[PDB]
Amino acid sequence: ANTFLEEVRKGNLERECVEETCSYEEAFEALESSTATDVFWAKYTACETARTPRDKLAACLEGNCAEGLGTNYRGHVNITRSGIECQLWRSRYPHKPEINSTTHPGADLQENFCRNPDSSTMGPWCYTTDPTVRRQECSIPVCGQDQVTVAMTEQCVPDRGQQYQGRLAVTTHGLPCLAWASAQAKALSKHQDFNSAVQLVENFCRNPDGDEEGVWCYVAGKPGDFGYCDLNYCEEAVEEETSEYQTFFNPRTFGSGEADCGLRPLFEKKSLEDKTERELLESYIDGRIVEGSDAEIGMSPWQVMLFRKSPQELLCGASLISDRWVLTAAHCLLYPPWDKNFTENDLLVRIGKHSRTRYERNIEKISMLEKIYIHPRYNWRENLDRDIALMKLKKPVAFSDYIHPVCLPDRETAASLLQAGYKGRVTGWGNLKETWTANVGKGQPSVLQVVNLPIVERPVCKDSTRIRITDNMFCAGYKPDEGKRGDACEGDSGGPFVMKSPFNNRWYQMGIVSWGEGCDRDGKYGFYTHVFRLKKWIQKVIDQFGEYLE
């Protein structure tokens, strides 16, 4: 281009090299320059597999798109697939390259443009300005195709970190990861269903087990301890993702109950509806309010109460997910702003209860706690993020018509349930309100209560506050009235929010009741921590406990 002489040489290249095959020498006789000829030839070699038809080759040679592995690529894309700015090939900050002009002279390693000097299978790539990610591939258009090499993400990490190749090696608590190849680390990976596509390099954070929470690593302490690492995952609100019951856990460690979860002895098992199942459609009475009321006996047999031993005192709700594991909120156990830090032997639980106030010797059962597991991502300094805990009973509990576990949903189930046209349900003894407010007037209920609440669209729930709602929370409740406090502070603190599957007829815990502005302020919705990402954390906790035995 530009010079006349050059424009002639361009036409000759077209005639002899593009419309026809040419030799290096033929090419040189046309360009009359070793450099120019080497430059051309490297492209011509990169386009070996795309020599016909002519336009296919012309496109490949222009270099604005990747053909095959994209050694042909010569375009000006600056950024990684995840949006990280590419490091200059000539720089050594933050990474010091191993591939340069000298090692790969025909690769056109200029500025910080994505290239594929090493014929890497992920296509053109660059060293990144993120000191925790050495190299990453870029999203390049494919030649002759409405398509790109790898999907773009908007400055965030996809697939819950399963593509992550970086070198972050501390957990969110600043705990150093251990090496995956370390003896104790190998002993715990022994027979896990680790995806071999995830490379377990050094002690870098990885997600080899498909954990919905994201990347993690083992850390020093008790054998099997681990923690999650801070990556900026893409906002994936499960609300908006487009039969039978299959068990996830191992009964030897989870305990009994999963197979039969979510089917109540006194209702589903007798083919009887409870009094408010009939009002569970969002369309019920045009969607208008229906106030809470006394529960029927045994209509929420996974309900659990957490008590201080001395002074005897009701602390929190909780939920039964097997015969030995119980799910609640971490703030129930550890909340430094109230100087709260309860140990196992401070507490007990009561299961199968109906009356708050009475010892119900025919139905209720008392269990002690063996261990408490606070979620490793729990953070109270922020906004009660991952306000979740798991408790292990000292002895398993006996199931009965009043004591039965609830199901836990995975991601598919959760998206499915938030999107069928049914409300959710909160039951308890008003412990949230009692704990978090002065609760004047209306006393605490003496009998288990129930109310049903419709799920609220995430953008509407977002506009109901100036608080940032992470994708791990959701709102539920009826159209508020800014004149009235409404019923946005229902249930027990740490207690269950549940929904019934219209597909397999079982009850699933979708949420854990957390504190929300509803407790203090008009015009709000109730606020619930998602549980759908927890399964692989739980699975790892129940192995950590397997080790606890010696």
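For every residue, the number given is its place in the sequence shown, counted from 1.
query: Is there a break between residue 242 and residue 243, and how many deposited residues does it span: none, 1 to 3, 4 to 9, or 10 or more?
result: Unresolved stretch here: 10 or more residues.
Per the entry, higher mean C-alpha B factor between 108-116 and 411-419: Mean CA B-factor is higher for 411-419.
- prompt: Do the C-alpha atoms of 219-227 or of 84-92 have the higher average B factor in the entry?
  reply: Stretch with the higher mean C-alpha B-factor: 219-227.
task: Please work out which residue in 252, 404, 331, 375 has the highest C-alpha B-factor recorded for this crystal structure.
output: Highest C-alpha B-factor among the listed options: 252.
- prompt: For the listed residues 171, 446, 452, 129, which one has the largest C-alpha B-factor as given in the deposited model?
  reply: Among 171, 446, 452, 129, the highest C-alpha B-factor in the entry belongs to 446.
- prompt: Mind checking which third residue 268 falls in for C-alpha B-factor across the chain?
  reply: Answer is middle: the recorded C-alpha B-factor places it there.
- prompt: By its CA B factor, does residue 498 count among the lowest, middle or highest third of the modelled residues in the chain?
  reply: Its C-alpha B-factor belongs to the lowest third of this chain's values.
task: Select lowest, middle or highest to describe the third in which the CA B-factor of residue 211 falls within its chain in this entry.
output: Lowest third, going by the recorded CA B-factors of the chain.
query: Would the CA B-factor of residue 517 place it in the lowest, middle or highest third of its chain?
result: As the PDB entry reports it, the C-alpha B-factor of residue 517 lands in the middle third of its chain.
Where the record places residue 50 (Cα B-factor, split into thirds across the chain): Highest third.
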